[PDB]
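Only one chain comes next, encoded as structure tokens, the form deposited in one PDB entry.
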């Protein structure tokens, strides 16, 4: 069914759970996917490997879940009970898939706890305010249910998020392409092309990696990585998406690609504004303590401020104002971030 791909074991890091720390990611900038073979040390809480799709139906209830018909490349709404009924059907007609069942507001929500590293890095988890007019983005806990021969074409995850993905049962195969400027250009071209779902994108790039994720294993995909997924065995997985401060330019690049392409990280800009205010404080506090900020934070801080100026230009503002929180003074924030960055970069002190 498939083709021949490049060796994942040449690019993909395989640390233990305990080795996967913030400092570990700060050293490599989280540039490559990370496969942890054994969940020990990841800080997760999971149901038993005996846990099944039938077991899921118990907690979420038979709630209208969104399902993807891969066969006819179409999306539709169906009851969860009926999906399970199709799932355990020994004569499967269609090839249906669930990759959008976000369950953090359900009863299942207290059975799963995401990786520790994800909660430490996550913008929403750490920096989204208790009180504001906006709905909190809840994209941290998805229950994924895929049948044999399920596929998702090459894509970048919404909002330029990073992903974590734990296979509880079965297997998933990821086809992974690095988000270089060239690949991203080739990708944006291929995506907005007419009859996009005819051409195979992994042929267009220098390198495409095949990564198998088997039972008990956890994959972390960094910002902007282009990936397709094959399900060669019926799969039950848990996973989710998050933003962080290690590759802010990449997050903004990825975000703005889906802008030009025209499913979405809700209030993406809103969280950036809050993060900009936080990053301003980190800078101030570090300067007053005679300490220099990490290099990636300066880079990211600059990329953030560039986006802030672009969103707040006269010609752009109407498309962006509704995401600016009232608790943020735009011009002052931009001015203050710029000064702190200049002070760190100005060679005369």
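Positions refer to the first chain, counted from 1. If you superpose the two forms and keep the largest set of C-alpha atoms that fall within 1.5 Å, you have the rigid core. Shifts are known only where both forms have a C-alpha.
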| property | result |
| --- | --- |
| Missing residues, deposited sequence, between residue 262 and residue 263 (class: none, 1 to 3, 4 to 9, 10 or more) | 4 to 9 |
| Deposited-sequence gap flanked by residue 62 and residue 63 | 1 to 3 |
| Entry-level comparison of average CA B-factors, 240-248 and 137-145, reporting the higher stretch | 137-145 |
| Given 268-276 and 102-110, the range whose Cα B-factors average higher in the PDB entry | 102-110 |
| Residue with maximal Cα B-factor (values as given in the PDB entry) among 171, 153, 157, 93 | 93 |
| Highest recorded Cα temperature factor - choice among 231, 183, 161, 192 | 192 |
| Where the record places residue 293 (Cα B-factor, split into thirds across the chain) | highest |
| Residue 285 - which third its CA temperature factor falls in, relative to the rest of the chain | highest |
| Among modelled residues of the same chain, the CA temperature factor third for residue 73 | highest |
| Within-chain third of residue 305 by Cα B-factor, per the entry | middle |
| Position of residue 58 among the chain's modelled residues by C-alpha B-factor, lowest, middle or highest third | highest |
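What comes next is about the form solved in complex with a small molecule, which is not displayed.
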query	finding
Candidate stretches 110-118, 93-101, 131-139, 206-214, one within 4.5 Å of the small molecule in the entry with it bound by heavy atom	93-101
Contacting member of 219, 236, 229, 246, with respect to the small molecule in the entry with it bound [4.5 Å, heavy atom]	229
In the entry with it bound, the residue from 149, 157, 269, 125 that sits within 4.5 Å of the small molecule by heavy atoms	157
4.5 Å heavy atom contact with the small molecule in the entry with it bound for all of 308, 320 and 324	no
Proximity of residue 166 to the small molecule in the entry with it bound, heavy atoms at 4.5 Å	no
4.5 Å heavy atom contact, residue 252 to the small molecule in the entry with it bound	no
In the entry with it bound, residue 177 touching the small molecule (heavy atom, 4.5 Å)	no
Contact test in the entry with it bound: residue 143 vs the small molecule, heavy atoms, 4.5 Å	no
Regions of at least 3 residues displaced between the shown form and the other one by 2 angstroms or more (CA, core superposed)	8-10
